[PDB]
Structures are given as structure tokens and as C-alpha cells.
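Colleague: Below are the C-alpha cells for one structure; questions will follow.
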Amino acid sequence: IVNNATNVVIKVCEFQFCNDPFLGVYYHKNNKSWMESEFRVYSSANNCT
Ligand SMILES: *[C@@H]1O[C@H](CO)[C@@H](O[C@@H]2O[C@H](CO)[C@@H](O)[C@H](O)[C@H]2NC(C)=O)[C@H](O)[C@H]1NC(C)=O
Ligand SMILES: *[C@@H]1O[C@H](CO)[C@@H](O[C@@H]2O[C@H](CO)[C@@H](O)[C@H](O)[C@H]2NC(C)=O)[C@H](O)[C@H]1NC(C)=O
Ligand SMILES: *[C@@H]1O[C@H](CO)[C@@H](O)[C@H](O)[C@H]1NC(C)=O
């Protein structure tokens, strides 16, 4: 279950998970905006219904 700042996603797949999975939000100084930029959770996704 991940909330990637735009839509709630529920997936049950054979993920090859990273040892340090995370999400990365980048703050842009010039326009003072925060954007979702990094999605480091799974290296692969297969075999799921
Ligand atoms: C959050 O995750 C969802 C699902 O993984 C993303 O929605 C998909 O985005 C891709 C990229 O354009 C589309 O091809 C798919 O059709 C989308 N699925 C839908 C609409 O059901 C969503 O883009 C992700 N959000 C961010 C900011 O990365
Ligand atoms: C995961 O995906 C693999 C890749 O297709 C599947 O491996 C084969 O699946 C077929 C379909 O039943 C079997 O006949 C083969 O014996 C499987 N192994 C090989 C080496 O071909 C695997 O079944 C999938 N697992 C799940 C739970 O969906
Ligand atoms: C802020 O600037 C960056 C880079 O110029 C851009 O990617 C981002 O979309 C901008 N944010 C807004 C809210 O316009």
C-alpha cells in the first residue's frame, strides 16, 4: 500500500524490494514548490492478480 501523493495504490505483486525503499519529494527554491520525484520501492513487478 503506497500513497504516492496523487493516488492511493494497492498492489500485491512479486516485488523485488530494495533494502531501503522510500519516496523522495524535491523542494524547488526558486518557485517554492514541493514535488514528488523519487519512487524507490521495487526493482521488478510480476506474477500478480
Ligand atoms: C502513482 O501511482 C499510480 C499507479 O502506479 C500512477 O498512475 C499511473 O501512472 C502512469 C504513468 O503515466 C499511467 O500510465 C497509468 O495509466 C496510471 N494509472 C492509473 C491512472 O490508474 C501515478 O502516475 C503515480 N503518481 C506519480 C506522481 O508518480
Ligand atoms: C511466476 O512467473 C513464472 C514465469 O512465468 C512462472 O513460472 C512458470 O509458470 C508456468 C505456468 O504455470 C509453469 O508451468 C512453470 O513450471 C513455471 N516455471 C518455469 C521455470 O517455467 C510461475 O508459475 C509464476 N508463479 C506464480 C505464482 O504466478
Ligand atoms: C517549479 O520549478 C521546477 C523547475 O523549474 C518545475 O519542475 C516545477 O514544476 C515548478 N513548480 C511549479 C508549481 O510551477
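Here's how to read the names in the C-alpha cells: chain A, B, ... by the order shown, residue numbers from 1 in each chain, ligand numbers from 1 in the order shown.
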At a cut-off of 8 Å and counting only C-alpha atoms and all ligand atoms, what residues surround ligand 2? Please answer as a ChimeraX atom specification.
Modeller: /A:46-48
Colleague: Write the residues of the selection above to a file with N, CA, C and O atoms, as a PDB file, in the first residue's frame.
Modeller:
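That gives us again09.pdb:
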```pdb
ATOM      1  N   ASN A  46       5.926  -8.630 -11.058  1.00  0.00           N
ATOM      2  CA  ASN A  46       5.394  -9.696 -11.897  1.00  0.00           C
ATOM      3  C   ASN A  46       4.490 -10.597 -11.068  1.00  0.00           C
ATOM      4  O   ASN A  46       4.475 -10.531  -9.836  1.00  0.00           O
ATOM      5  N   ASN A  47       3.726 -11.443 -11.769  1.00  0.00           N
ATOM      6  CA  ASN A  47       3.003 -12.559 -11.153  1.00  0.00           C
ATOM      7  C   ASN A  47       2.012 -12.093 -10.087  1.00  0.00           C
ATOM      8  O   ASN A  47       2.150 -12.409  -8.904  1.00  0.00           O
ATOM      9  N   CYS A  48       1.001 -11.341 -10.506  1.00  0.00           N
ATOM     10  CA  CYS A  48       0.022 -10.811  -9.569  1.00  0.00           C
ATOM     11  C   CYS A  48      -1.326 -10.555 -10.228  1.00  0.00           C
ATOM     12  O   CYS A  48      -1.407 -10.284 -11.430  1.00  0.00           O
TER      13      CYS A  48
END
```
Colleague: Could you list, as a ChimeraX atom specification, all the residues within 9 Å of ligand 1, counting only C-alpha atoms and all ligand atoms?
Modeller: /A:2-11,35-39
Colleague: Hey, could you make a per-residue contact list for chain A against ligand 3 with 10 Å as the cut-off, showing the nearest pair of atoms and its distance in Å to one decimal, counting only C-alpha atoms and all ligand atoms, sorted by chain and number, as a Markdown table?
Modeller:
```
| residue | atom | partner | partner_atom_place_in_ligand_line | distance |
| --- | --- | --- | --- | --- |
| A:26 | CA | ligand 3 | 7 (O) | 9.4 |
| A:27 | CA | ligand 3 | 1 (C) | 8.5 |
| A:28 | CA | ligand 3 | 1 (C) | 5.7 |
| A:29 | CA | ligand 3 | 1 (C) | 8.0 |
| A:30 | CA | ligand 3 | 2 (O) | 6.8 |
| A:31 | CA | ligand 3 | 1 (C) | 5.0 |
| A:32 | CA | ligand 3 | 1 (C) | 7.0 |
| A:33 | CA | ligand 3 | 13 (C) | 5.1 |
| A:34 | CA | ligand 3 | 11 (N) | 7.3 |
| A:35 | CA | ligand 3 | 8 (C) | 7.2 |
| A:37 | CA | ligand 3 | 7 (O) | 9.7 |
```
Colleague: CA of residue 17 in chain A and CA of residue 44 in chain A are how many Å apart?
Modeller: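 For CA of residue 17 in chain A relative to CA of residue 44 in chain A, the distance reads 8.0 Å.
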Colleague: Show me, as a list in words, the residues that have an atom within 8 Å of residue 16 in chain A when counting only C-alpha atoms, minus same-chain residues fewer than 6 positions from it.
Modeller: residues 42, 43, 44 and 45 of chain A
Colleague: DSSP says strand (DSSP E) for which residues of chain A? Put them as a tab-separated table (two decimals) with C-alpha atoms, in the first residue's frame?
Modeller:
```
chain	number	residue	atom	x	y	z
A	2	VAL	CA	1.59	3.27	-1.12
A	3	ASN	CA	0.31	6.84	-1.31
A	8	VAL	CA	-3.78	5.54	-3.42
A	9	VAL	CA	-2.38	2.33	-4.94
A	17	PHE	CA	12.10	-4.95	-2.78
A	18	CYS	CA	15.02	-2.64	-2.10
A	19	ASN	CA	16.79	-2.83	1.25
A	20	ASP	CA	16.00	0.89	1.72
A	21	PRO	CA	12.70	1.63	-0.05
A	22	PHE	CA	11.42	5.19	0.12
A	23	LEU	CA	9.83	8.13	-1.66
A	24	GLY	CA	11.55	11.40	-2.44
A	25	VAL	CA	9.99	14.87	-2.50
A	26	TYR	CA	12.09	17.64	-4.04
A	27	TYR	CA	11.74	21.24	-2.85
A	28	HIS	CA	12.43	23.79	-5.59
A	33	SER	CA	7.12	24.22	-4.71
A	34	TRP	CA	7.28	20.64	-3.43
A	35	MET	CA	7.02	17.84	-5.99
A	36	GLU	CA	7.14	14.06	-5.84
A	37	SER	CA	10.29	12.97	-7.67
A	38	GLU	CA	11.64	9.63	-6.36
A	39	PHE	CA	9.88	6.24	-6.23
A	40	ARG	CA	12.42	3.67	-5.00
A	41	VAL	CA	10.35	0.73	-3.74
A	42	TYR	CA	10.61	-2.25	-6.10
```
